[PDB]
Amino acid sequence: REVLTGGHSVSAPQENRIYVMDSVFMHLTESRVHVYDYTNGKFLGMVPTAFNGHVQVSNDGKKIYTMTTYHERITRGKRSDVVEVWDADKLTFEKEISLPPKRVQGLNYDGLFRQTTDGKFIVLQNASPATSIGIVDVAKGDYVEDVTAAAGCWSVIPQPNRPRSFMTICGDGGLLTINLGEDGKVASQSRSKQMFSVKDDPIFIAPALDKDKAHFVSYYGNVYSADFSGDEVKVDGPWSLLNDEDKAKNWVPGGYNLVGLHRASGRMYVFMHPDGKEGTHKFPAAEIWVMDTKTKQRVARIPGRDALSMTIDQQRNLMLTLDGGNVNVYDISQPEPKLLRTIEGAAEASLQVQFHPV
Amino acid sequence: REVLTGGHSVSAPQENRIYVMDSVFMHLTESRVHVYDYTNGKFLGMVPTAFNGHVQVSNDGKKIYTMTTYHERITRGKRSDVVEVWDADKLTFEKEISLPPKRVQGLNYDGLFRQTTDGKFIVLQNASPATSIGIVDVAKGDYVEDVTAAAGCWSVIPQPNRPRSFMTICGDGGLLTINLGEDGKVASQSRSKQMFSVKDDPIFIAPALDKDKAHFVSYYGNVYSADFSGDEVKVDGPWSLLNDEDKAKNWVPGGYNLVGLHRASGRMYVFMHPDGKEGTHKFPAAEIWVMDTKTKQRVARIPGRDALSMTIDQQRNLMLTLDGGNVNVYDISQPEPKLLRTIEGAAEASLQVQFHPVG
Amino acid sequence: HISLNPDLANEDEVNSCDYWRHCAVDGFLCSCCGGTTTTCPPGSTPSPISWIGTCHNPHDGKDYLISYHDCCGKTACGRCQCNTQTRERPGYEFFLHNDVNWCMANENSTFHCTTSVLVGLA
Amino acid sequence: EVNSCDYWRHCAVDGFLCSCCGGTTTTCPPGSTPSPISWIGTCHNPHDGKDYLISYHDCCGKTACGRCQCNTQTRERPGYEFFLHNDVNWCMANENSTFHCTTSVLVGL
């Protein structure tokens with residue numbers, strides 16, 4: 001009469017989908033990705049990611065990649081660090097790629113688990129606790145390169161204008177650029193001049209990423225830029241997010257994945273709070289500021305709804321914000337963002353949301 | 001200048017310890033046992049139990065036994081059902097015992113994971129979904145016997161008056177008794193006459209267990225008993241928990257591990273709620289009733305604090321109740337229970353609490 | 001009529017523990033978890049076994065046999081948790097019992113969500 | 001007051017206070033293993049007016065304690081200053097890296 005079936009695909013089209021990475025910190029061995037339709041808040045499905053999973057969607061939109069850690073008996077027994085490849089429409093497991101047992105275990109900053117712009121390599125952060133960048137060749141299904149040159153650096157910023165190049169932020173206040181060969185090994189590298197003072201004006205690692213440049217905000221509300229239109233990265237800054245009135249209430253940035261760039265307009269979005277002082281760099285947003293990176297001026301400010309992380313969709317002119325449990329959807333087609341809806345209870349403990357690529 | 005150390009033992013004496021089995025149903029692959037001091041509500045430690053763990057403490061008080069399921073990759077890969085033996089004072093893992101891949105996955109009723117009176121055998125419920133009882137030899141660290149004679153039956157009730165005998169409740173409304181030999185294989189078994197009508201007056205599986213008899217309560221507030229003092233089990237009932245006023249208000253029992261017996265007094269404790277009807281048998285307690293099992297009269301009623309499960313300590317005259325998240329501690333030395341304290345946030349989703357053994 | 005096929009009904013009605021056919025459900029409704037009442041969310045597998053029972057349909061006044069299958073092999077959905085118990089019985093009436101994992105015999109027994117499949121008139 | 005996130009020693013704790021988890025500020029709960037590595041913080045002691053180095057070792061090999069979660073960030077810096085950073089699991093090099101709780105161990109001035 002009725003019969004329960006499986007083998008089904010996600011009901012909503014890929015263009016409607018977002019991915020909320022739920023760390024489930026209270027039960028961190030059962031982290032997962034929740035898939036939602038941003039147009040109506042419908043829950044579409046999920047992918048389990050064991051202990052402290054990280055997630056990204058393949059640049060071609062066909063697959064979901066996760067990174068996680070298993071042990072034979074969870075809290076004892078042999079460790080297995082892996083990347084998994086899952087089908088994006090079926091939400092089923094396809095392949096496991098073994099990693100060395102030093103993949104980063106940490107909060108879900110975008111830059112810990114990325115891909116080259118051509119989609120041919122997964123690029124991830126290792127910490128043993130010595131740092132290096134790991135390269136996974138997607139076509140081969142293997143780990144292919146420890147980038148030991150990145151020792152003392154942190155996080156991966158892919159260059160959207162080259163197929164197999166990325167940058168990392170180093171302890172000298174500069175950027176190291178790595179250009180991979182077609183075999184996923186380092187072909188060439190370069191190190192920028194010092195961009196920021198590590199001691200005096202530390203930057204948040206989250207980039208506001210353009211096609212050929214990246215902007216970074218600092219603990220004290222300054223902005224730094226790395227231009228990679230050429231082979232050598234040119235760095236600049238600081239310019240201040242703050243006017244005189246802002247300085248009077250001690251406005252500073254705070255959050256995790258706390259900035260975004262709308263590439264067509266050059267507008268940078270930043271989570272901000274007043275009464276800044278030592279130790280407030282991860283505070284929830286009192287406001288979202290919208291900065292014109294060309295004129296170096298603020299063009300809008302709106303209430304932040306306690307958001308901690310965001311992400312931007314270029315084509316649909318959207319910004320998502322996330323306060324740890326709830327996702328807000330904003331229309332950013334004009335300088336002043338407009339709140340469209342809130343998806344309540346999208347996660348228990350998430351600091352990362354991402355769009356399906358379109 | 002300080003140094004961080006491990007290797008420490010539980011900081012409170014064994015006699016103070018209780019074990020709250022947290023299923024963590026919202027994240028059932030990370031179930032765990034929370035160890036608390038009932039005297040002051042202090043959290044003492046925990047034992048991780050993977051997917052849908054069950055727990056008991058060894059009769060001698062030296063070890064904690066858990067039962068759980070692993071897979072190589074949690075949601076895929078080979079299944080391993082196990083019993084684990086943990087040190088009670090260090091809360092460390094000692095030994096894994098392999099089970100066949102059919103241990104019961106289900107809510108934490110006491111009778112799904114038990115031990116013989118002599119402590120030599122762990123006795124557990126299987127479901128494949130065909131039911132059998134599994135016997136684990138503690139000394140040998142081995143699964144030694146599969147009691148398929150228990151097909152169509154459910155749950156394990158150890159007989160406190162015999163070293164390696166237990167009973168189970170069968171679909172015919174009677175009890176099957178199993179007596180193990182020294183090696184854990186079944187030496188003999190017997191079936192009682194019908195105790196209750198399965199269709200007309202189903203019982204809750206949780207026993208109110210005396211040294212030589214067990215009482216059970218029914219969906220409609222009747223009481224049945226199995227007397228295993230003599231050599232074959234004699235069954236009786238029903239008598240009603242309810243007086244005329246109780247009946248008019250449709251009082252019935254409700255809960256999971258919903259009854260307990262204070263053996264010295266013969267007082268039975270039961271979670272009850274009004275406006276009973278089909279589908280209310282797992283409702284939280286509006287009240288706890290205290291019954292004299294000899295006179296068959298209620299001797300007290302007190303607010304239930306939305307409790308679902310309980311356990312009794314005989315020596316200290318204590319009852320614990322548990323509403324899913326919070327543990328209430330009662331002095332039951334007198335007919336009317338006295339609330340001593342509530343331990344808030346002892347669990348997220350627990351239906352089972354147990355005392356460390358002292359006797 | 002519409003009351004007999006949840007695909008034709010308002011989502012808010014169907015996704016409720018009070019929906020008439022969800023009368024002995026223990027767990028998270030699959031229709032809230034990316035599936036429907038009769039389809040598992042993507043990447044979860046139907047249980048070949050289930051607990052069963054009858055539910056009264058207040059719309060047409062008739063009683064119907066329901067089979068309460070789980071979807072399996074993914075971690076807990078966490079949405080629309082139900083614990084209804086009409087005609088539910090303990091483990092000595094094993095297939096009427098809902099305090100056990102009806103994923104127990106699946107390739108992977110991890111419980112994802114549950115649902116209520118209409119068998120026919122009781 | 002050691003179970004409070006505002007306690008002076010806990011100024012860069014991201015995690016569950018081990019003192020709420022069956023341990024103390026300097027002892028792991030039973031059956032959890034200390035991390036040999038840690039992030040380090042500098043915390044001001046308002047009782048004696050002095051600043052102290054605190055080593056934030058994690059206790060490892062048991063699942064999340066769940067009690068007294070703190071997220072304090074005094075002088076904490078991102079991963080390019082790695083040993084000042086607390087958004088990573090300092091159990092990462094343990095025999096079992098499952099995070100149980102965090103300690104706050106006094107190193108000195």
# chains A, B, ... in the order shown; residues from 1 in each chain; ligands from 1
>>> residues_around(residues="residue 26 of chain C", least_positions_apart="6", cutoff="7 Å", atoms="only C-alpha atoms", output="ChimeraX atom specification")
/C:82-84,98
>>> residues_around(residues="residue 43 of chain B", least_positions_apart="3", cutoff="7 Å", atoms="only C-alpha atoms", output="mmCIF file with C-alpha atoms, in the first residue's frame")
data_model
loop_
_atom_site.group_PDB
_atom_site.id
_atom_site.type_symbol
_atom_site.label_atom_id
_atom_site.label_comp_id
_atom_site.auth_asym_id
_atom_site.auth_seq_id
_atom_site.Cartn_x
_atom_site.Cartn_y
_atom_site.Cartn_z
ATOM 1 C CA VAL B 35 29.411 9.327 37.783
ATOM 2 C CA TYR B 36 28.029 11.555 40.554
ATOM 3 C CA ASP B 37 28.245 11.846 44.329
ATOM 4 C CA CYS D 21 34.651 17.565 35.274
ATOM 5 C CA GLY D 22 35.845 15.464 38.211
#
>>> atom_distance(atom1="atom CA of residue 112 of chain C", atom2="atom CA of residue 108 of chain B")
18.9 Å
>>> closest_residue(among="D:33, D:24, D:4, D:73", to="chain B", atoms="only C-alpha atoms")
D:33
>>> residues_around(residues="residue 49 of chain A", least_positions_apart="6", cutoff="9 Å", atoms="only C-alpha atoms", output="JSON, numbers by chain")
{"A": [23, 29, 30, 31, 32, 33, 55, 66, 67, 68, 69]}
>>> write_last_selection(atoms="N, CA and C atoms", output="tab-separated table (two decimals), in the first residue's frame")
chain	number	residue	atom	x	y	z
A	23	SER	N	29.75	21.66	14.44
A	23	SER	CA	30.77	20.99	15.25
A	23	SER	C	30.17	20.14	16.35
A	29	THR	N	32.45	14.23	18.83
A	29	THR	CA	32.64	13.02	18.01
A	29	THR	C	31.47	12.77	17.07
A	30	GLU	N	30.40	13.56	17.17
A	30	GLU	CA	29.27	13.41	16.22
A	30	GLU	C	28.94	14.71	15.50
A	31	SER	N	29.99	15.42	15.09
A	31	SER	CA	29.86	16.55	14.20
A	31	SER	C	29.24	16.12	12.89
A	32	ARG	N	28.64	17.06	12.20
A	32	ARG	CA	27.99	16.78	10.94
A	32	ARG	C	27.77	18.05	10.17
A	33	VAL	N	27.53	17.90	8.85
A	33	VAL	CA	27.11	18.99	7.99
A	33	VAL	C	25.60	18.90	7.79
A	55	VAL	N	34.44	20.73	6.19
A	55	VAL	CA	33.67	20.45	4.99
A	55	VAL	C	33.90	21.52	3.94
A	66	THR	N	34.74	16.07	2.96
A	66	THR	CA	34.89	16.25	4.40
A	66	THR	C	36.29	15.85	4.82
A	67	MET	N	36.67	16.34	5.98
A	67	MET	CA	37.92	15.96	6.61
A	67	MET	C	37.61	15.63	8.06
A	68	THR	N	38.10	14.50	8.53
A	68	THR	CA	37.78	14.09	9.89
A	68	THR	C	38.81	13.13	10.46
A	69	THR	N	38.59	12.75	11.72
A	69	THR	CA	39.46	11.82	12.42
A	69	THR	C	38.60	10.71	13.01
>>> residues_around(residues="residue 221 of chain B", least_positions_apart="6", cutoff="9 Å", atoms="only C-alpha atoms", output="MDAnalysis selection string")
chainID B and resid 201 239:242 251:253 272
>>> closest_residue(among="B:86, B:184, B:26, B:78", to="chain D", atoms="only C-alpha atoms")
B:86
>>> interface_residues(of="chain C", to="chain A", cutoff="10 Å", atoms="only C-alpha atoms", output="PyMOL selection string")
chain C and resi 5+31-48+66-77+79+115-120
>>> select_by_dssp(residues="chain D", states="strand (DSSP E)", output="number ranges by chain")
D: 14-16, 33-44, 51-60, 69-71, 99-102, 105-108
>>> closest_atom_pairs(of="chain D", to="chain B", cutoff="7 Å", atoms="only C-alpha atoms", output="CSV")
residue,atom,partner,partner_atom,distance
D:21,CA,B:45,CA,6.2
D:22,CA,B:44,CA,4.2
D:26,CA,B:4,CA,4.6
D:27,CA,B:5,CA,5.0
D:28,CA,B:6,CA,5.0
D:29,CA,B:45,CA,6.2
D:30,CA,B:8,CA,5.1
D:31,CA,B:92,CA,4.8
D:32,CA,B:6,CA,6.7
D:33,CA,B:6,CA,5.7
D:34,CA,B:6,CA,6.1
D:62,CA,B:48,CA,6.5
D:63,CA,B:48,CA,6.3
D:105,CA,B:2,CA,6.0
D:106,CA,B:2,CA,5.4
D:107,CA,B:1,CA,5.1
D:108,CA,B:1,CA,5.8
>>> closest_atom_pairs(of="chain C", to="chain B", cutoff="7 Å", atoms="only C-alpha atoms", output="JSON lines")
{"residue": "C:73", "atom": "CA", "partner": "B:75", "partner_atom": "CA", "distance": 5.2}
{"residue": "C:74", "atom": "CA", "partner": "B:75", "partner_atom": "CA", "distance": 5.8}
{"residue": "C:76", "atom": "CA", "partner": "B:27", "partner_atom": "CA", "distance": 6.0}
{"residue": "C:78", "atom": "CA", "partner": "B:26", "partner_atom": "CA", "distance": 5.5}
{"residue": "C:84", "atom": "CA", "partner": "B:279", "partner_atom": "CA", "distance": 6.9}
{"residue": "C:85", "atom": "CA", "partner": "B:279", "partner_atom": "CA", "distance": 4.5}
{"residue": "C:86", "atom": "CA", "partner": "B:279", "partner_atom": "CA", "distance": 3.9}
{"residue": "C:87", "atom": "CA", "partner": "B:279", "partner_atom": "CA", "distance": 6.1}
{"residue": "C:90", "atom": "CA", "partner": "B:204", "partner_atom": "CA", "distance": 7.0}
{"residue": "C:91", "atom": "CA", "partner": "B:154", "partner_atom": "CA", "distance": 5.5}
{"residue": "C:92", "atom": "CA", "partner": "B:171", "partner_atom": "CA", "distance": 4.9}
{"residue": "C:93", "atom": "CA", "partner": "B:171", "partner_atom": "CA", "distance": 6.0}
{"residue": "C:99", "atom": "CA", "partner": "B:106", "partner_atom": "CA", "distance": 5.5}
{"residue": "C:100", "atom": "CA", "partner": "B:106", "partner_atom": "CA", "distance": 3.9}
{"residue": "C:101", "atom": "CA", "partner": "B:105", "partner_atom": "CA", "distance": 5.5}
{"residue": "C:104", "atom": "CA", "partner": "B:105", "partner_atom": "CA", "distance": 6.6}
{"residue": "C:105", "atom": "CA", "partner": "B:128", "partner_atom": "CA", "distance": 6.2}
{"residue": "C:108", "atom": "CA", "partner": "B:76", "partner_atom": "CA", "distance": 5.9}
{"residue": "C:110", "atom": "CA", "partner": "B:75", "partner_atom": "CA", "distance": 6.2}
>>> write_last_selection(atoms="N, CA and C atoms", output="JSON list (two decimals), in the first residue's frame")
[["chain", "number", "residue", "atom", "x", "y", "z"],
["C", 73, "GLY", "N", 21.85, 4.27, 9.13],
["C", 73, "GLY", "CA", 23.18, 4.41, 8.55],
["C", 73, "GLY", "C", 23.68, 5.85, 8.45],
["C", 74, "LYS", "N", 23.00, 6.74, 9.17],
["C", 74, "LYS", "CA", 23.44, 8.13, 9.36],
["C", 74, "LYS", "C", 23.12, 8.49, 10.81],
["C", 76, "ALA", "N", 21.97, 10.72, 14.19],
["C", 76, "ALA", "CA", 20.65, 11.18, 14.53],
["C", 76, "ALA", "C", 20.27, 12.47, 13.84],
["C", 78, "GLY", "N", 17.75, 14.53, 14.67],
["C", 78, "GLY", "CA", 17.55, 15.50, 15.73],
["C", 78, "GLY", "C", 16.32, 16.39, 15.62],
["C", 84, "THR", "N", 5.28, 8.80, 20.92],
["C", 84, "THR", "CA", 3.88, 8.40, 21.09],
["C", 84, "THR", "C", 3.84, 6.91, 21.22],
["C", 85, "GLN", "N", 2.80, 6.44, 21.90],
["C", 85, "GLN", "CA", 2.79, 5.11, 22.48],
["C", 85, "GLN", "C", 1.44, 4.40, 22.39],
["C", 86, "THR", "N", 0.54, 4.86, 21.52],
["C", 86, "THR", "CA", -0.75, 4.20, 21.37],
["C", 86, "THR", "C", -0.57, 2.76, 20.94],
["C", 87, "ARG", "N", -1.12, 1.86, 21.75],
["C", 87, "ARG", "CA", -1.10, 0.42, 21.51],
["C", 87, "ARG", "C", 0.28, -0.22, 21.54],
["C", 90, "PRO", "N", 5.46, -3.88, 25.61],
["C", 90, "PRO", "CA", 6.84, -4.17, 25.92],
["C", 90, "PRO", "C", 7.44, -5.27, 25.07],
["C", 91, "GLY", "N", 8.72, -5.52, 25.29],
["C", 91, "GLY", "CA", 9.53, -6.38, 24.43],
["C", 91, "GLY", "C", 9.09, -7.83, 24.36],
["C", 92, "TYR", "N", 8.28, -8.28, 25.33],
["C", 92, "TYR", "CA", 7.70, -9.64, 25.24],
["C", 92, "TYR", "C", 6.55, -9.72, 24.19],
["C", 93, "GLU", "N", 6.19, -8.58, 23.61],
["C", 93, "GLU", "CA", 5.39, -8.50, 22.39],
["C", 93, "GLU", "C", 6.22, -7.71, 21.39],
["C", 99, "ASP", "N", 10.82, 0.83, 22.02],
["C", 99, "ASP", "CA", 11.99, 1.26, 22.80],
["C", 99, "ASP", "C", 13.26, 0.54, 22.35],
["C", 100, "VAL", "N", 13.19, -0.06, 21.17],
["C", 100, "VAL", "CA", 14.34, -0.67, 20.54],
["C", 100, "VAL", "C", 14.57, -0.04, 19.19],
["C", 101, "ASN", "N", 15.79, -0.21, 18.71],
["C", 101, "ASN", "CA", 16.24, 0.35, 17.43],
["C", 101, "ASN", "C", 15.80, -0.56, 16.31],
["C", 104, "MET", "N", 18.16, -2.30, 13.91],
["C", 104, "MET", "CA", 19.09, -3.27, 14.54],
["C", 104, "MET", "C", 19.71, -4.31, 13.59],
["C", 105, "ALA", "N", 19.04, -4.60, 12.48],
["C", 105, "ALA", "CA", 19.51, -5.64, 11.54],
["C", 105, "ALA", "C", 20.04, -5.03, 10.23],
["C", 108, "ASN", "N", 24.26, -0.90, 8.51],
["C", 108, "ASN", "CA", 24.72, -0.03, 9.58],
["C", 108, "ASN", "C", 23.53, 0.38, 10.43],
["C", 110, "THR", "N", 23.16, 2.52, 12.85],
["C", 110, "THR", "CA", 23.03, 3.87, 13.39],
["C", 110, "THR", "C", 21.65, 4.41, 13.00]]
>>> interface_residues(of="chain A", to="chain D", cutoff="10 Å", atoms="only C-alpha atoms", output="number ranges by chain")
A: 25-29, 51-52, 69-71, 73-79, 101-109, 127-131, 151-155, 168-173, 198-199, 202-205, 219, 256, 277-283
>>> residues_around(residues="residue 165 of chain A", least_positions_apart="5", cutoff="12 Å", atoms="only C-alpha atoms", output="ChimeraX atom specification")
/A:114-123,135,156-160,176-182,184-190,212,228,230-233
>>> write_last_selection(atoms="N, CA, C and O atoms", output="tab-separated table (two decimals), in the first residue's frame")
chain	number	residue	atom	x	y	z
A	114	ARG	N	40.59	23.74	2.12
A	114	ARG	CA	40.31	24.49	0.88
A	114	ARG	C	40.65	23.64	-0.35
A	114	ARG	O	41.00	22.46	-0.23
A	115	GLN	N	40.52	24.24	-1.54
A	115	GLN	CA	40.96	23.60	-2.78
A	115	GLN	C	41.62	24.64	-3.66
A	115	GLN	O	41.38	25.84	-3.53
A	116	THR	N	42.48	24.17	-4.56
A	116	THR	CA	42.98	25.06	-5.61
A	116	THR	C	41.81	25.49	-6.46
A	116	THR	O	40.79	24.82	-6.52
A	117	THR	N	41.95	26.61	-7.16
A	117	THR	CA	40.82	27.13	-7.91
A	117	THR	C	40.37	26.23	-9.05
A	117	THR	O	39.18	26.19	-9.39
A	118	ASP	N	41.29	25.47	-9.64
A	118	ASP	CA	40.92	24.50	-10.67
A	118	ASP	C	40.21	23.24	-10.14
A	118	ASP	O	39.76	22.42	-10.92
A	119	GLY	N	40.12	23.12	-8.81
A	119	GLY	CA	39.45	22.01	-8.18
A	119	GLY	C	40.23	20.71	-8.19
A	119	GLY	O	39.72	19.68	-7.73
A	120	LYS	N	41.47	20.75	-8.67
A	120	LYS	CA	42.23	19.50	-8.84
A	120	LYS	C	42.91	19.04	-7.54
A	120	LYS	O	43.25	17.86	-7.39
A	121	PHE	N	43.10	19.96	-6.61
A	121	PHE	CA	43.76	19.63	-5.34
A	121	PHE	C	43.00	20.17	-4.15
A	121	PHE	O	42.43	21.27	-4.20
A	122	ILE	N	42.92	19.34	-3.10
A	122	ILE	CA	42.47	19.76	-1.80
A	122	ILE	C	43.70	20.18	-1.03
A	122	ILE	O	44.75	19.52	-1.09
A	123	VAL	N	43.59	21.32	-0.37
A	123	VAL	CA	44.72	21.93	0.32
A	123	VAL	C	44.28	22.13	1.75
A	123	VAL	O	43.32	22.84	2.00
A	135	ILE	N	48.64	18.45	0.69
A	135	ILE	CA	48.06	18.47	-0.65
A	135	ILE	C	47.46	17.11	-0.96
A	135	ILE	O	48.15	16.08	-0.85
A	156	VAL	N	45.02	28.59	4.57
A	156	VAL	CA	45.19	28.49	3.13
A	156	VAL	C	44.24	29.47	2.47
A	156	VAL	O	43.02	29.41	2.70
A	157	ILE	N	44.79	30.37	1.64
A	157	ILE	CA	43.99	31.33	0.87
A	157	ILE	C	44.23	31.05	-0.62
A	157	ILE	O	45.28	31.43	-1.16
A	158	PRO	N	43.31	30.35	-1.29
A	158	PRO	CA	43.51	30.08	-2.71
A	158	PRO	C	43.46	31.36	-3.51
A	158	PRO	O	42.76	32.30	-3.13
A	159	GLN	N	44.25	31.43	-4.59
A	159	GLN	CA	44.20	32.59	-5.51
A	159	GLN	C	43.19	32.30	-6.61
A	159	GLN	O	43.40	31.36	-7.39
A	160	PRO	N	42.05	33.02	-6.65
A	160	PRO	CA	41.03	32.71	-7.65
A	160	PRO	C	41.41	32.95	-9.12
A	160	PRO	O	40.65	32.58	-10.01
A	176	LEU	N	53.24	33.70	2.35
A	176	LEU	CA	54.00	32.76	1.52
A	176	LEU	C	53.04	32.27	0.44
A	176	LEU	O	51.93	31.84	0.75
A	177	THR	N	53.46	32.37	-0.82
A	177	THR	CA	52.70	31.89	-1.94
A	177	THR	C	53.30	30.62	-2.44
A	177	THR	O	54.53	30.54	-2.61
A	178	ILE	N	52.45	29.63	-2.68
A	178	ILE	CA	52.86	28.33	-3.19
A	178	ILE	C	52.17	28.11	-4.51
A	178	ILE	O	50.96	28.28	-4.61
A	179	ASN	N	52.95	27.76	-5.52
A	179	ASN	CA	52.43	27.42	-6.83
A	179	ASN	C	52.70	25.96	-7.09
A	179	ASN	O	53.86	25.55	-7.14
A	180	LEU	N	51.65	25.17	-7.23
A	180	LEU	CA	51.81	23.73	-7.40
A	180	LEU	C	52.01	23.40	-8.86
A	180	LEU	O	51.42	24.01	-9.75
A	181	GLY	N	52.81	22.37	-9.10
A	181	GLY	CA	52.85	21.73	-10.39
A	181	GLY	C	51.62	20.88	-10.63
A	181	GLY	O	50.79	20.70	-9.73
A	182	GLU	N	51.49	20.33	-11.83
A	182	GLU	CA	50.35	19.49	-12.17
A	182	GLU	C	50.34	18.15	-11.39
A	182	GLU	O	49.33	17.45	-11.37
A	184	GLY	N	50.91	18.19	-8.14
A	184	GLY	CA	50.57	18.58	-6.77
A	184	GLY	C	51.74	18.86	-5.88
A	184	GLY	O	51.57	19.10	-4.68
A	185	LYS	N	52.95	18.82	-6.44
A	185	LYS	CA	54.14	19.15	-5.68
A	185	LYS	C	54.45	20.62	-5.89
A	185	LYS	O	54.00	21.22	-6.87
A	186	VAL	N	55.21	21.20	-4.98
A	186	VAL	CA	55.57	22.61	-5.10
A	186	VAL	C	56.46	22.84	-6.33
A	186	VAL	O	57.52	22.21	-6.45
A	187	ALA	N	56.01	23.71	-7.23
A	187	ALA	CA	56.75	24.09	-8.43
A	187	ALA	C	57.57	25.34	-8.17
A	187	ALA	O	58.71	25.44	-8.61
A	188	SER	N	56.97	26.31	-7.48
A	188	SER	CA	57.66	27.52	-7.11
A	188	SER	C	56.99	28.13	-5.90
A	188	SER	O	55.88	27.74	-5.54
A	189	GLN	N	57.68	29.06	-5.28
A	189	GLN	CA	57.15	29.74	-4.11
A	189	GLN	C	57.75	31.14	-4.02
A	189	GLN	O	58.77	31.44	-4.65
A	190	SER	N	57.07	32.00	-3.27
A	190	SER	CA	57.60	33.33	-2.98
A	190	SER	C	57.04	33.83	-1.68
A	190	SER	O	56.01	33.36	-1.21
A	212	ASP	N	41.81	38.82	-7.53
A	212	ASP	CA	43.27	39.05	-7.60
A	212	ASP	C	43.86	39.76	-6.40
A	212	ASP	O	44.99	40.22	-6.44
A	228	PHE	N	47.63	39.89	-5.66
A	228	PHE	CA	48.31	38.82	-6.37
A	228	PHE	C	47.88	38.78	-7.84
A	228	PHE	O	47.77	37.72	-8.45
A	230	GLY	N	49.90	39.79	-9.96
A	230	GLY	CA	51.16	39.29	-10.51
A	230	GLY	C	51.74	38.11	-9.74
A	230	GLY	O	51.17	37.66	-8.74
A	231	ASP	N	52.89	37.62	-10.19
A	231	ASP	CA	53.50	36.42	-9.62
A	231	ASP	C	53.99	36.67	-8.21
A	231	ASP	O	53.96	35.77	-7.36
A	232	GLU	N	54.44	37.89	-7.97
A	232	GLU	CA	54.88	38.34	-6.65
A	232	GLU	C	53.76	39.12	-5.98
A	232	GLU	O	53.18	40.03	-6.56
A	233	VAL	N	53.47	38.78	-4.73
A	233	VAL	CA	52.39	39.41	-4.00
A	233	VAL	C	52.86	40.76	-3.48
A	233	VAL	O	53.94	40.86	-2.86
>>> residues_around(residues="segment 238-254 of chain A", least_positions_apart="6", cutoff="8 Å", atoms="only C-alpha atoms", output="list in words")
residues 196, 217, 218, 219, 220, 221, 222, 223, 224, 270, 271, 272, 273, 274, 275, 276, 277, 280, 281, 282, 283, 284, 285, 291, 296, 297, 298 and 308 of chain A
>>> residues_around(residues="residue 356 of chain B", least_positions_apart="2", cutoff="7 Å", atoms="only C-alpha atoms", output="list in words")
residues 14, 15, 17, 18, 57, 61, 354 and 358 of chain B
>>> select_by_dssp(residues="segment 209-257 of chain A", states="alpha helix (DSSP H)", output="ChimeraX atom specification")
/A:244-248
>>> write_last_selection(atoms="C-alpha atoms", output="PDB file, in the first residue's frame")
ATOM      1  CA  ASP A 244      36.580  59.560  14.820  1.00  0.00           C
ATOM      2  CA  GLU A 245      33.112  58.806  16.255  1.00  0.00           C
ATOM      3  CA  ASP A 246      33.792  55.077  15.938  1.00  0.00           C
ATOM      4  CA  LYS A 247      37.020  55.452  17.901  1.00  0.00           C
ATOM      5  CA  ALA A 248      35.104  57.108  20.789  1.00  0.00           C
TER       6      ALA A 248
END
>>> atom_distance(atom1="atom CA of residue 57 of chain C", atom2="atom CA of residue 247 of chain B")
28.5 Å
>>> atom_distance(atom1="atom CA of residue 162 of chain A", atom2="atom CA of residue 358 of chain A")
19.1 Å
>>> closest_residue(among="A:144, A:327, A:209, A:24", to="residue 166 of chain A", atoms="only C-alpha atoms")
A:209
